[PDB]
>>> print(open('data-v5.cif').read())   # mmCIF, N, CA and C atoms and all ligand atoms
data_final
#
loop_
_atom_site.label_atom_id
_atom_site.label_comp_id
_atom_site.auth_asym_id
_atom_site.auth_seq_id
_atom_site.Cartn_x
_atom_site.Cartn_y
_atom_site.Cartn_z
N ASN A 7 30.55 -12.21 -48.70
CA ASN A 7 31.43 -13.42 -48.80
C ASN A 7 30.92 -14.50 -47.81
N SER A 8 31.58 -14.79 -46.70
CA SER A 8 30.90 -15.61 -45.70
C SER A 8 29.64 -14.83 -45.22
N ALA A 9 29.64 -13.48 -45.22
CA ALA A 9 28.45 -12.75 -44.73
C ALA A 9 27.27 -13.08 -45.63
N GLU A 10 27.49 -13.04 -46.94
CA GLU A 10 26.43 -13.45 -47.89
C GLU A 10 25.99 -14.91 -47.68
N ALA A 11 26.96 -15.79 -47.46
CA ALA A 11 26.61 -17.21 -47.21
C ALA A 11 25.70 -17.38 -46.03
N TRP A 12 26.01 -16.71 -44.94
CA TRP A 12 25.19 -16.77 -43.75
C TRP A 12 23.81 -16.19 -43.99
N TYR A 13 23.75 -15.04 -44.66
CA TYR A 13 22.49 -14.39 -44.98
C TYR A 13 21.63 -15.31 -45.83
N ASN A 14 22.25 -15.95 -46.82
CA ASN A 14 21.53 -16.89 -47.72
C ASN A 14 20.94 -18.05 -46.92
N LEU A 15 21.71 -18.56 -45.95
CA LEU A 15 21.25 -19.66 -45.12
C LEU A 15 20.11 -19.18 -44.18
N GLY A 16 20.21 -17.98 -43.60
CA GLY A 16 19.13 -17.40 -42.82
C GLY A 16 17.85 -17.37 -43.62
N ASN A 17 17.93 -16.87 -44.83
CA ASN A 17 16.77 -16.77 -45.71
C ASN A 17 16.12 -18.13 -45.95
N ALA A 18 16.93 -19.17 -46.23
CA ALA A 18 16.42 -20.50 -46.51
C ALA A 18 15.67 -21.02 -45.31
N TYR A 19 16.25 -20.83 -44.14
CA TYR A 19 15.62 -21.31 -42.92
C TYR A 19 14.38 -20.48 -42.55
N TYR A 20 14.43 -19.18 -42.81
CA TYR A 20 13.32 -18.25 -42.59
C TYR A 20 12.10 -18.67 -43.40
N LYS A 21 12.32 -18.93 -44.67
CA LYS A 21 11.23 -19.32 -45.57
C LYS A 21 10.55 -20.63 -45.16
N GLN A 22 11.30 -21.54 -44.51
CA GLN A 22 10.76 -22.84 -44.02
C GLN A 22 10.15 -22.72 -42.60
N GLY A 23 10.17 -21.51 -42.04
CA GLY A 23 9.64 -21.27 -40.72
C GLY A 23 10.49 -21.74 -39.57
N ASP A 24 11.77 -22.01 -39.82
CA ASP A 24 12.72 -22.30 -38.75
C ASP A 24 13.33 -21.01 -38.26
N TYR A 25 12.57 -20.29 -37.47
CA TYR A 25 13.00 -18.97 -37.03
C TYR A 25 14.22 -19.01 -36.10
N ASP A 26 14.29 -19.97 -35.16
CA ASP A 26 15.44 -20.03 -34.24
C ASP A 26 16.76 -20.13 -35.00
N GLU A 27 16.78 -20.97 -36.03
CA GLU A 27 17.97 -21.14 -36.88
C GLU A 27 18.17 -19.89 -37.73
N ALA A 28 17.13 -19.40 -38.39
CA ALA A 28 17.25 -18.20 -39.22
C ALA A 28 17.86 -17.03 -38.39
N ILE A 29 17.44 -16.86 -37.15
CA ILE A 29 17.91 -15.80 -36.27
C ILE A 29 19.42 -15.95 -36.01
N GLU A 30 19.84 -17.16 -35.68
CA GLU A 30 21.28 -17.48 -35.54
C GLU A 30 22.09 -17.08 -36.78
N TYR A 31 21.60 -17.44 -37.98
CA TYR A 31 22.32 -17.25 -39.23
C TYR A 31 22.31 -15.81 -39.64
N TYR A 32 21.19 -15.11 -39.47
CA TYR A 32 21.22 -13.68 -39.74
C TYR A 32 22.22 -12.93 -38.83
N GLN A 33 22.28 -13.31 -37.54
CA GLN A 33 23.18 -12.69 -36.60
C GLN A 33 24.63 -12.91 -37.05
N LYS A 34 24.95 -14.12 -37.54
CA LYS A 34 26.29 -14.39 -38.09
C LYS A 34 26.62 -13.48 -39.25
N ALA A 35 25.66 -13.29 -40.17
CA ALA A 35 25.81 -12.47 -41.37
C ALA A 35 26.09 -11.06 -40.95
N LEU A 36 25.30 -10.54 -40.00
CA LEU A 36 25.43 -9.16 -39.57
C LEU A 36 26.69 -8.85 -38.74
N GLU A 37 27.23 -9.86 -38.02
CA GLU A 37 28.55 -9.74 -37.39
C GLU A 37 29.62 -9.41 -38.45
N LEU A 38 29.43 -9.96 -39.66
CA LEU A 38 30.40 -9.87 -40.74
C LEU A 38 30.10 -8.68 -41.67
N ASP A 39 28.83 -8.34 -41.84
CA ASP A 39 28.44 -7.21 -42.70
C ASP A 39 27.24 -6.51 -42.05
N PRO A 40 27.48 -5.55 -41.17
CA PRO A 40 26.34 -4.90 -40.50
C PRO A 40 25.60 -3.90 -41.36
N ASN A 41 26.03 -3.73 -42.61
CA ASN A 41 25.33 -2.84 -43.52
C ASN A 41 24.27 -3.50 -44.40
N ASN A 42 24.01 -4.79 -44.18
CA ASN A 42 22.99 -5.49 -44.96
C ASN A 42 21.59 -5.19 -44.40
N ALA A 43 20.90 -4.22 -45.00
CA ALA A 43 19.59 -3.82 -44.49
C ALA A 43 18.58 -4.98 -44.49
N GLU A 44 18.69 -5.85 -45.50
CA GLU A 44 17.71 -6.93 -45.66
C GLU A 44 17.90 -7.98 -44.59
N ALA A 45 19.16 -8.15 -44.13
CA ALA A 45 19.43 -9.03 -43.01
C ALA A 45 18.83 -8.50 -41.74
N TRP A 46 18.97 -7.19 -41.49
CA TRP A 46 18.31 -6.61 -40.30
C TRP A 46 16.80 -6.79 -40.37
N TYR A 47 16.23 -6.54 -41.54
CA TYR A 47 14.79 -6.57 -41.74
C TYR A 47 14.28 -8.01 -41.48
N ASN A 48 14.94 -9.01 -42.06
CA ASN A 48 14.49 -10.37 -41.97
C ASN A 48 14.73 -10.92 -40.55
N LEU A 49 15.77 -10.46 -39.88
CA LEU A 49 15.97 -10.80 -38.49
C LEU A 49 14.81 -10.28 -37.68
N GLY A 50 14.42 -9.04 -37.89
CA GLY A 50 13.22 -8.48 -37.31
C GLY A 50 11.98 -9.29 -37.55
N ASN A 51 11.78 -9.71 -38.79
CA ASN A 51 10.61 -10.52 -39.16
C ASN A 51 10.62 -11.84 -38.39
N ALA A 52 11.80 -12.46 -38.27
CA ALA A 52 11.91 -13.77 -37.65
C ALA A 52 11.57 -13.64 -36.19
N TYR A 53 12.10 -12.59 -35.55
CA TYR A 53 11.66 -12.33 -34.17
C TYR A 53 10.18 -12.02 -34.07
N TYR A 54 9.65 -11.23 -34.99
CA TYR A 54 8.21 -10.93 -35.00
C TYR A 54 7.37 -12.23 -35.06
N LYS A 55 7.71 -13.15 -35.94
CA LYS A 55 7.00 -14.43 -36.06
C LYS A 55 7.13 -15.33 -34.83
N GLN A 56 8.16 -15.07 -34.01
CA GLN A 56 8.32 -15.72 -32.71
C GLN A 56 7.54 -15.04 -31.63
N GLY A 57 6.81 -13.97 -31.93
CA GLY A 57 6.13 -13.20 -30.88
C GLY A 57 7.02 -12.34 -30.02
N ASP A 58 8.26 -12.11 -30.46
CA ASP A 58 9.23 -11.32 -29.71
C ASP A 58 9.28 -9.90 -30.30
N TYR A 59 8.27 -9.10 -29.94
CA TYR A 59 8.07 -7.80 -30.54
C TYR A 59 9.11 -6.78 -30.14
N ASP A 60 9.62 -6.82 -28.92
CA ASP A 60 10.64 -5.79 -28.59
C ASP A 60 11.88 -6.04 -29.48
N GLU A 61 12.28 -7.31 -29.70
CA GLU A 61 13.46 -7.55 -30.56
C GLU A 61 13.14 -7.12 -31.94
N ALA A 62 11.94 -7.47 -32.42
CA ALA A 62 11.54 -7.11 -33.76
C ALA A 62 11.72 -5.60 -33.97
N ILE A 63 11.19 -4.81 -33.06
CA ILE A 63 11.32 -3.36 -33.14
C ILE A 63 12.78 -2.89 -33.26
N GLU A 64 13.66 -3.48 -32.46
CA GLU A 64 15.05 -3.07 -32.48
C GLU A 64 15.63 -3.29 -33.87
N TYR A 65 15.36 -4.45 -34.47
CA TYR A 65 16.00 -4.81 -35.72
C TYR A 65 15.29 -4.11 -36.88
N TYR A 66 13.98 -3.93 -36.78
CA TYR A 66 13.33 -3.11 -37.78
C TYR A 66 13.86 -1.69 -37.81
N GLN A 67 14.05 -1.11 -36.65
CA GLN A 67 14.62 0.23 -36.59
C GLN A 67 16.00 0.32 -37.29
N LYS A 68 16.84 -0.70 -37.11
CA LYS A 68 18.16 -0.71 -37.70
C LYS A 68 18.01 -0.81 -39.24
N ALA A 69 17.12 -1.67 -39.71
CA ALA A 69 16.89 -1.82 -41.17
C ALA A 69 16.45 -0.52 -41.78
N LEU A 70 15.61 0.22 -41.06
CA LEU A 70 15.03 1.44 -41.61
C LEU A 70 16.04 2.58 -41.61
N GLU A 71 17.00 2.52 -40.69
CA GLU A 71 18.08 3.50 -40.69
C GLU A 71 18.90 3.33 -41.97
N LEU A 72 19.09 2.09 -42.43
CA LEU A 72 19.88 1.81 -43.62
C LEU A 72 19.08 1.99 -44.91
N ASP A 73 17.79 1.69 -44.83
CA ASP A 73 16.89 1.72 -45.96
C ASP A 73 15.53 2.29 -45.56
N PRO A 74 15.42 3.60 -45.43
CA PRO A 74 14.14 4.17 -45.00
C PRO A 74 13.06 4.14 -46.11
N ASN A 75 13.35 3.54 -47.26
CA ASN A 75 12.35 3.37 -48.32
C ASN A 75 11.59 2.05 -48.24
N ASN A 76 11.86 1.25 -47.20
CA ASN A 76 11.28 -0.07 -47.11
C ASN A 76 9.88 0.09 -46.49
N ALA A 77 8.89 0.21 -47.35
CA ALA A 77 7.52 0.41 -46.93
C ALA A 77 7.04 -0.69 -46.05
N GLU A 78 7.36 -1.94 -46.42
CA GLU A 78 6.93 -3.08 -45.61
C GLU A 78 7.52 -3.06 -44.22
N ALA A 79 8.79 -2.66 -44.09
CA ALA A 79 9.41 -2.48 -42.79
C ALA A 79 8.72 -1.45 -41.92
N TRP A 80 8.32 -0.31 -42.46
CA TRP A 80 7.55 0.65 -41.68
C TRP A 80 6.22 0.05 -41.18
N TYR A 81 5.56 -0.70 -42.02
CA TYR A 81 4.31 -1.33 -41.70
C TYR A 81 4.52 -2.37 -40.58
N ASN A 82 5.52 -3.23 -40.73
CA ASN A 82 5.78 -4.23 -39.71
C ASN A 82 6.23 -3.62 -38.39
N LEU A 83 6.99 -2.53 -38.41
CA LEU A 83 7.33 -1.79 -37.18
C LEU A 83 6.04 -1.28 -36.48
N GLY A 84 5.14 -0.72 -37.27
CA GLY A 84 3.83 -0.32 -36.77
C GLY A 84 3.08 -1.47 -36.11
N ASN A 85 3.14 -2.66 -36.72
CA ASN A 85 2.49 -3.85 -36.16
C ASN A 85 3.14 -4.22 -34.87
N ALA A 86 4.46 -4.20 -34.85
CA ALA A 86 5.14 -4.51 -33.61
C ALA A 86 4.76 -3.58 -32.46
N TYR A 87 4.66 -2.27 -32.70
CA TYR A 87 4.23 -1.36 -31.64
C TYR A 87 2.77 -1.62 -31.29
N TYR A 88 1.95 -1.89 -32.30
CA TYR A 88 0.54 -2.20 -32.03
C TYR A 88 0.44 -3.37 -31.07
N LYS A 89 1.26 -4.40 -31.27
CA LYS A 89 1.23 -5.59 -30.39
C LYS A 89 1.58 -5.27 -28.95
N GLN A 90 2.42 -4.25 -28.76
CA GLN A 90 2.79 -3.80 -27.42
C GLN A 90 1.79 -2.82 -26.81
N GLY A 91 0.73 -2.46 -27.51
CA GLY A 91 -0.19 -1.48 -26.99
C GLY A 91 0.28 -0.04 -27.17
N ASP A 92 1.28 0.19 -28.03
CA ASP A 92 1.79 1.53 -28.32
C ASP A 92 1.15 2.08 -29.54
N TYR A 93 -0.10 2.47 -29.41
CA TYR A 93 -0.90 2.83 -30.57
C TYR A 93 -0.48 4.13 -31.21
N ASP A 94 0.06 5.09 -30.45
CA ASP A 94 0.58 6.34 -31.02
C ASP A 94 1.71 6.08 -32.00
N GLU A 95 2.66 5.25 -31.58
CA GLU A 95 3.77 4.82 -32.41
C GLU A 95 3.30 4.04 -33.62
N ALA A 96 2.39 3.08 -33.41
CA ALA A 96 1.80 2.28 -34.50
C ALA A 96 1.22 3.21 -35.55
N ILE A 97 0.40 4.17 -35.11
CA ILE A 97 -0.21 5.14 -36.01
C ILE A 97 0.84 5.89 -36.84
N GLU A 98 1.90 6.36 -36.20
CA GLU A 98 2.93 7.10 -36.91
C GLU A 98 3.57 6.26 -38.00
N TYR A 99 3.88 5.01 -37.66
CA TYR A 99 4.63 4.16 -38.57
C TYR A 99 3.70 3.66 -39.67
N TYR A 100 2.42 3.48 -39.36
CA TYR A 100 1.48 3.11 -40.41
C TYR A 100 1.33 4.24 -41.40
N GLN A 101 1.30 5.48 -40.90
CA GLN A 101 1.17 6.65 -41.77
C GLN A 101 2.37 6.73 -42.69
N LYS A 102 3.56 6.45 -42.15
CA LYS A 102 4.76 6.44 -42.96
C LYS A 102 4.72 5.33 -44.02
N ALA A 103 4.28 4.14 -43.65
CA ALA A 103 4.12 3.05 -44.62
C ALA A 103 3.24 3.43 -45.81
N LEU A 104 2.14 4.12 -45.53
CA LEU A 104 1.12 4.43 -46.52
C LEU A 104 1.56 5.57 -47.42
N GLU A 105 2.45 6.41 -46.92
CA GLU A 105 3.07 7.43 -47.74
C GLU A 105 3.85 6.74 -48.86
N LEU A 106 4.62 5.70 -48.55
CA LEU A 106 5.43 4.99 -49.55
C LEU A 106 4.65 3.98 -50.40
N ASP A 107 3.67 3.34 -49.75
CA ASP A 107 2.77 2.36 -50.35
C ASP A 107 1.32 2.66 -49.98
N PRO A 108 0.69 3.57 -50.69
CA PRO A 108 -0.70 3.91 -50.38
C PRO A 108 -1.67 2.76 -50.54
N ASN A 109 -1.24 1.67 -51.18
CA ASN A 109 -2.15 0.54 -51.44
C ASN A 109 -2.10 -0.60 -50.41
N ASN A 110 -1.44 -0.36 -49.30
CA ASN A 110 -1.32 -1.38 -48.27
C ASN A 110 -2.61 -1.36 -47.46
N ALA A 111 -3.55 -2.22 -47.85
CA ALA A 111 -4.87 -2.28 -47.22
C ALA A 111 -4.76 -2.61 -45.75
N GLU A 112 -3.89 -3.56 -45.40
CA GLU A 112 -3.76 -3.92 -44.00
C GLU A 112 -3.22 -2.77 -43.16
N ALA A 113 -2.33 -1.96 -43.72
CA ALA A 113 -1.83 -0.79 -42.99
C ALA A 113 -2.99 0.17 -42.69
N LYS A 114 -3.86 0.36 -43.65
CA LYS A 114 -4.99 1.26 -43.49
C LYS A 114 -5.91 0.77 -42.43
N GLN A 115 -6.16 -0.54 -42.47
CA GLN A 115 -7.02 -1.18 -41.48
C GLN A 115 -6.46 -1.11 -40.07
N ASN A 116 -5.18 -1.44 -39.87
CA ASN A 116 -4.60 -1.43 -38.54
C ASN A 116 -4.51 -0.02 -38.00
N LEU A 117 -4.26 0.94 -38.91
CA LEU A 117 -4.20 2.38 -38.60
C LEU A 117 -5.58 2.80 -38.06
N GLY A 118 -6.64 2.39 -38.75
CA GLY A 118 -7.97 2.70 -38.32
C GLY A 118 -8.25 2.12 -36.98
N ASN A 119 -7.88 0.84 -36.81
CA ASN A 119 -8.15 0.16 -35.56
C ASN A 119 -7.38 0.79 -34.42
N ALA A 120 -6.10 1.11 -34.68
CA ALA A 120 -5.26 1.76 -33.69
C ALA A 120 -5.89 3.09 -33.24
N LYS A 121 -6.36 3.90 -34.17
CA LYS A 121 -7.04 5.17 -33.85
C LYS A 121 -8.26 4.95 -32.94
N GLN A 122 -9.00 3.86 -33.15
CA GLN A 122 -10.11 3.50 -32.24
C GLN A 122 -9.62 3.17 -30.85
N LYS A 123 -8.55 2.37 -30.78
CA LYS A 123 -8.01 1.88 -29.52
C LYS A 123 -7.63 3.03 -28.63
N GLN A 124 -6.96 4.06 -29.16
CA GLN A 124 -6.68 5.26 -28.34
C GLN A 124 -7.93 6.14 -28.14
N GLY A 125 -8.53 6.62 -29.22
CA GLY A 125 -9.75 7.42 -29.13
C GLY A 125 -9.48 8.88 -28.80
PB PB B 1 17.20 -6.21 -27.76
PB PB B 2 8.83 7.02 -32.97
#
>>> encode(input="data-v5.cif", output="structure tokens")
Amino acid sequence: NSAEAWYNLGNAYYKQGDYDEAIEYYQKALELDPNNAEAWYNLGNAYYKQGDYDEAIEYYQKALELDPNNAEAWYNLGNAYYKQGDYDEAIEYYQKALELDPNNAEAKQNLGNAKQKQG
């Protein structure tokens, strides 16, 4: 209801690259409906695009608790850990992404690179 309205507005602002606004609007939506997995996921993405990887991780984790079939979310969580230098975590989440979407070339590549980084 208003939760959907806020989510819709977050999405519009997200797509235009206004992350600060999108983050505000997603947070409003989730105050009203905390079960919207796509709102958690997109909030995560918006923080990720801001370079705020610890927030991204928090919100990706919440999205995946609600929707553990979101292959892209597993991949982006892996990216977020990779950005923090947490290559063990990145590797795990990339492996999970590829189980659901074996065709994610970038997941395979980052997984490979992450394995090099640890050694
Ligand atoms: Pb936090
Ligand atoms: Pb873990």
>>> residues_near_ligand(input="data-v5.cif", ligand="ligand PB 1 (chain B)", cutoff="6.5 Å", atoms="only N, CA and C atoms and all ligand atoms", output="ChimeraX atom specification")
/A:60-61,64
>>> select_by_dssp(input="data-v5.cif", residues="chain A", states="alpha helix (DSSP H)", output="number ranges by chain")
A: 8-21, 25-38, 43-55, 59-72, 77-89, 93-106, 111-124
>>> residues_around(input="data-v5.cif", residues="segment 22-30 of chain A", least_positions_apart="6", cutoff="6 Å", atoms="all atoms listed in the file", output="ChimeraX atom specification")
/A:15-16,49,52
>>> closest_residue(input="data-v5.cif", among="A:104, A:96, A:124, A:116", to="ligand PB 2 (chain B)", atoms="all atoms listed in the file")
A:96
>>> axis_aligned_box(input="data-v5.cif", around="segment 44-55 of chain A", padding_each_side="5 Å", output="AutoDock Vina command-line options")
--center_x 13.2 --center_y -10.6 --center_z -39.9 --size_x 22.4 --size_y 19.5 --size_z 21.6
>>> atom_distance(input="data-v5.cif", atom1="atom C of residue 120 of chain A", atom2="atom CA of residue 98 of chain A")
10.4 Å
>>> closest_residue(input="data-v5.cif", among="A:48, A:88, A:95, A:12", to="ligand PB 2 (chain B)", atoms="only N, CA and C atoms and all ligand atoms")
A:95
>>> closest_residue(input="data-v5.cif", among="A:106, A:111, A:36, A:18", to="residue 79 of chain A", atoms="only C-alpha atoms")
A:106
>>> closest_residue(input="data-v5.cif", among="A:9, A:44, A:39, A:20", to="residue 69 of chain A", atoms="all atoms listed in the file")
A:44
>>> closest_atom_pairs(input="data-v5.cif", of="chain A", to="ligand PB 2 (chain B)", cutoff="10 Å", atoms="only C-alpha atoms and all ligand atoms", output="CSV")
residue,atom,partner,partner_atom,distance
A:67,CA,B:PB2,PB,9.6
A:83,CA,B:PB2,PB,9.9
A:84,CA,B:PB2,PB,9.7
A:87,CA,B:PB2,PB,9.7
A:94,CA,B:PB2,PB,8.5
A:95,CA,B:PB2,PB,5.5
A:96,CA,B:PB2,PB,8.6
A:97,CA,B:PB2,PB,9.7
A:98,CA,B:PB2,PB,7.1
A:99,CA,B:PB2,PB,7.6
>>> build_atoms(input="data-v5.cif", residues="segment 22-33 of chain A", atoms="N, CA, C and O atoms", output="compact mmCIF listing (two decimals), in the coordinates of the input")
# COMPACT_ATOMS: atom_id res chain seq x y z
N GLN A 22 11.30 -21.54 -44.51
CA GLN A 22 10.76 -22.84 -44.02
C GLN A 22 10.15 -22.72 -42.60
O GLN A 22 9.68 -23.73 -42.03
N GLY A 23 10.17 -21.51 -42.04
CA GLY A 23 9.64 -21.27 -40.72
C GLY A 23 10.49 -21.74 -39.57
O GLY A 23 9.98 -21.96 -38.47
N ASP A 24 11.77 -22.01 -39.82
CA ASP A 24 12.72 -22.30 -38.75
C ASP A 24 13.33 -21.01 -38.26
O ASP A 24 14.49 -20.66 -38.55
N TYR A 25 12.57 -20.29 -37.47
CA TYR A 25 13.00 -18.97 -37.03
C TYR A 25 14.22 -19.01 -36.10
O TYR A 25 15.05 -18.12 -36.18
N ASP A 26 14.29 -19.97 -35.16
CA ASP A 26 15.44 -20.03 -34.24
C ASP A 26 16.76 -20.13 -35.00
O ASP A 26 17.73 -19.41 -34.71
N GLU A 27 16.78 -20.97 -36.03
CA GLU A 27 17.97 -21.14 -36.88
C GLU A 27 18.17 -19.89 -37.73
O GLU A 27 19.27 -19.34 -37.72
N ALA A 28 17.13 -19.40 -38.39
CA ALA A 28 17.25 -18.20 -39.22
C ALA A 28 17.86 -17.03 -38.39
O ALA A 28 18.72 -16.33 -38.84
N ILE A 29 17.44 -16.86 -37.15
CA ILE A 29 17.91 -15.80 -36.27
C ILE A 29 19.42 -15.95 -36.01
O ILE A 29 20.17 -14.96 -36.10
N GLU A 30 19.84 -17.16 -35.68
CA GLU A 30 21.28 -17.48 -35.54
C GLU A 30 22.09 -17.08 -36.78
O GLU A 30 23.17 -16.48 -36.65
N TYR A 31 21.60 -17.44 -37.98
CA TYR A 31 22.32 -17.25 -39.23
C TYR A 31 22.31 -15.81 -39.64
O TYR A 31 23.36 -15.32 -40.07
N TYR A 32 21.19 -15.11 -39.47
CA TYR A 32 21.22 -13.68 -39.74
C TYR A 32 22.22 -12.93 -38.83
O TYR A 32 22.89 -11.98 -39.29
N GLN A 33 22.28 -13.31 -37.54
CA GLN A 33 23.18 -12.69 -36.60
C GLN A 33 24.63 -12.91 -37.05
O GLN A 33 25.44 -12.01 -36.97
